[PDB]
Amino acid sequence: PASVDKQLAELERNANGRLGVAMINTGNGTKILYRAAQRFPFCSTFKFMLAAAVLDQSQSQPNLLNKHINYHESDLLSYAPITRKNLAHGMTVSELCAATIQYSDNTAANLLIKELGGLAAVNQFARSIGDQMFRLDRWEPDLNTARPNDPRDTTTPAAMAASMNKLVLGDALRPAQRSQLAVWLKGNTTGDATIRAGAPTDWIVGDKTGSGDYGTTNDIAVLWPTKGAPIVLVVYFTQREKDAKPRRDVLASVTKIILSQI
């Protein structure tokens, strides 16, 4: 809608950035799409796809979520608050999934990628749910360089929204697993300043944040409104200079703007 577009372009233009938006309203099937077929560096938002891949594996492997991983010091990375907390005792795969979603723990992500059988297992999972755009090229934290015109570690807003729709709200997973994935998202701790900040206080938000160089500022969410069906919102944003500061307020403004239309 022209009203959305103008608001989005001014926001985007005013912040000297490139913004990508896909919103799917699962109530009526209406979508709002802005640069939605263009690639953007996903940064930590990939962890959503990773947790889903693990849930997919657990469908054939019923001990998987409860498998205890005794990781070591050398697995610990600069950003690993939960895996650090639990070093002495280790963590289950389930706990690793919750920590990578809700605290964006990088050790937890790398441990789960290894559990799945490597980077290509995550991509093949994305292919298996019909996501042709998602590409994971590097482990954490290298995947967050977000360099101009570098297609490594990118997806499109449309593809990520479609995948979040199918996994959380659709039939890509079995019921126990899709329910678990929604519970993890709803317990996210990193998302207050982004899509959550832009949605009514009486709504429930389940989201995965990501950020990185070039002031990249990303958030992907399912929104549970006070009336009607759930809504999927993906927002990717990146800026001119390598050391740009993230613009979390831009994401909240996008959300405000989009939710006005529905």
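When you see a residue number, it is the position in the sequence shown, counting from 1.
Two stretches are in play, 153-161 and 112-120, and the higher mean C-alpha B-factor belongs to 112-120.
For the two regions 129-137 and 178-186, the entry's Cα B-factors average higher over 129-137. Which of 29, 210, 41, 206 has the largest Cα B-factor in the deposited entry comes down to 29.
Annotation for 251, 22, 19, 15: 15 ranks highest, by Cα B-factor. Ranked within its chain, residue 75 lands in the highest third, by CA B factor from the PDB record. Sort the modelled residues of the chain by CA B factor and residue 196 lands in the middle third.
Ranked by Cα temperature factor within the chain, residue 55 sits in the lowest third according to the deposited record.
Residue-level temperature factors show residue 82 in the lowest third of its chain, judged at the C-alpha atom.
Sorting the modelled residues of the chain by their CA temperature factor places residue 105 in the middle third.
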